[PDB]
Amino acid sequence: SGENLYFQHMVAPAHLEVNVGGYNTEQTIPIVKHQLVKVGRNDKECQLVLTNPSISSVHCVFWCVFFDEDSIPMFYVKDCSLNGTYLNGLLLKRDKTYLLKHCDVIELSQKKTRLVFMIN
């Protein structure tokens, strides 16, 4: 399991840049194949943990699927929260899968933490 996830880094196809108060912290969370990246309050479940009281246990999730003989990457986000997740300032519909584009900004309803999605 560990070796397999290691080798998916062998550049990650995308990553989240963690942004606090408008500025990058320098932390990145890679988005690699065959992993679900969860953001929320629950450390057992989440790869990135936010403690703001409005944040859900699992607030939003990120993953990718490579289609057509591993040639066309699609990157997804899904809101799982009570109070909402914003994509470029726009409220996602809860439990609906949304396709991400390079430089999209994800804000969890909560200065504030934003996640900047970057394709590599």
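All residue numbers refer to positions in the sequence shown, first residue = 1.
- The modelled chain breaks between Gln110 and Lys111, where 4 to 9 residues of the deposited sequence lack coordinates.
- In the deposited sequence, the stretch from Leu99 to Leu100 has no residues without coordinates, so the chain runs on without a break.
- Once the C-alpha B-factors are averaged per stretch, 28-36 and 74-82 rank with 28-36 first.
- Stretch comparison (86-94 versus 49-57) by mean CA B-factor in the PDB entry places 49-57 on top.
- Considering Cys103, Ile106, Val20, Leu16 together, the PDB entry gives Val20 the largest C-alpha B factor.
- In the deposited entry, the Cα temperature factor of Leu115 places it in the lowest third of its chain's modelled residues.
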